[PDB]
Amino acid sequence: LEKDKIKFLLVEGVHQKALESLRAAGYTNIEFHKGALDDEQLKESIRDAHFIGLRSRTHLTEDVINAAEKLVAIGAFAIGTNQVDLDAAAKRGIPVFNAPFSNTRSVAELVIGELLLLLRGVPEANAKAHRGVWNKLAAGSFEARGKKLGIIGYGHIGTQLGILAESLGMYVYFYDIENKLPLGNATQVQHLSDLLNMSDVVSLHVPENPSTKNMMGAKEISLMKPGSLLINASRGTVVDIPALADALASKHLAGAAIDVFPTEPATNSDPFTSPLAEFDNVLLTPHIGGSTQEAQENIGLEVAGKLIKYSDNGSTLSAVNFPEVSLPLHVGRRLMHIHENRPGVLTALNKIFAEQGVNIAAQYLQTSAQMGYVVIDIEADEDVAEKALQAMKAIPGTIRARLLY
């Protein structure tokens, strides 16, 4: 304590729940910033920080990282991590954590909201009325009850959209490359062409990979029904946008709602441009599918939590660049040791304790191609432990070591 000494750098305004999680766990040394940092402020604030929490805007680059001399772990208080040089962090024994599934509710809700209005032609009607034009009609406008919703991608987000969708009395269909257990009354469809053929609304919730690239093409969309609707709040590489423009202006689709795009304005000052901008029957949203207070508080708890666990017990459960290891806290003293993955290391580490008659209660080592990470609980008094820490460090191939408690 010596915890009043362990420093937390937090940028881009994470949720205050992250901060109150740290305090609750006795970590008060917090430097907090609402916005993002230029390099000279970043390189300067980070250099004596044991942990950093950032969002999607800060680039933790190989050099920024090597400029940080006391850095123990990194927390992406967000989903994405590409703003971070994982291999750079990993070579310095710095694990990186994220919040992969902490805003599925926000995405599910957005698609409900959006399909209701698109079904009803409200976006077109809303834009028209902001330009003085009144357009009252029932023809072409539908209720949601009794319509068939097709979910492409039945994961965390796809499944919970399913539930909200039944609650409103929609029939729910879905297609995954994996077989899944239908929830509520949902039905899996074998071929995508059949799902497309009988859905009134189609919503995509797939990840970003060669199999999902331009997955919704001219061909696929020609397979949706006349007057159907396409929503993409997944990833911007998933839908062929020019194919969709053609489909909107020929009126094969009645509308659409898009949140993610092949290229996205780098910041809020840069211009947004898309051929879909000229259609009033389309909703366009600045990749905000997950951008809520509720979600921002979820991520702030999970990721703040994840950092505290690692500080307090060395858990790398769910680290994205690192060997996963965690150990239930039972007995004696905890140490950890990150090193190059080569023979003899673990035996040298344990030999430090066998030689002097010290018992080892538990140990967990896991490896990646090039690196090994181990946690040991040993039974000894403070002194012996301080000293073994010292000896652990000298082991050929040692990257880093720490006495946790």
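Residue positions are given as counts along the sequence shown, with the first one as 1.
Visitor: Regarding 78-86 and 144-152, which shows the higher C-alpha temperature factor on average in the entry?
Guide: 78-86 has the higher mean C-alpha B-factor.
Visitor: Would you tell me which stretch averages the higher CA B-factor in the PDB entry, 135-143 or 113-121?
Guide: The recorded data point to 135-143.
Visitor: Out of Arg334, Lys306, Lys180, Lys128, which shows the largest CA B-factor listed in the entry?
Guide: Going by the entry's C-alpha B-factors, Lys180 comes out highest.
Visitor: Quick one: which of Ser318, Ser228, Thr273, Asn281 shows the highest Cα temperature factor in the PDB entry?
Guide: Highest CA B-factor of the listed options: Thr273.
Visitor: Lowest, middle or highest third: where is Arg23 by Cα B-factor in its chain?
Guide: For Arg23, the deposited C-alpha B-factor lands in the highest third.
Visitor: When the modelled residues of the chain are sorted by Cα temperature factor, does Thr267 land in the lowest, middle or highest third?
Guide: Within its chain, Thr267 is a highest-third residue by C-alpha B-factor, going by the deposited values.
Visitor: Where does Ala391 sit by CA temperature factor within its chain: lowest, middle or highest third?
Guide: As the PDB entry reports it, the C-alpha B-factor of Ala391 lands in the middle third of its chain.
Visitor: Taking the C-alpha B-factors as the PDB entry records them, is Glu379 in the lowest, middle or highest third of its chain?
Guide: It belongs to the lowest third of the chain when residues are ordered by C-alpha B-factor.
Visitor: Among all modelled residues of this chain, ranked by Cα B factor, put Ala256 in the bottom, middle or top third, i.e. lowest, middle or highest.
Guide: Lowest third - that is where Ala256 ends up once the chain's C-alpha B-factors are sorted.
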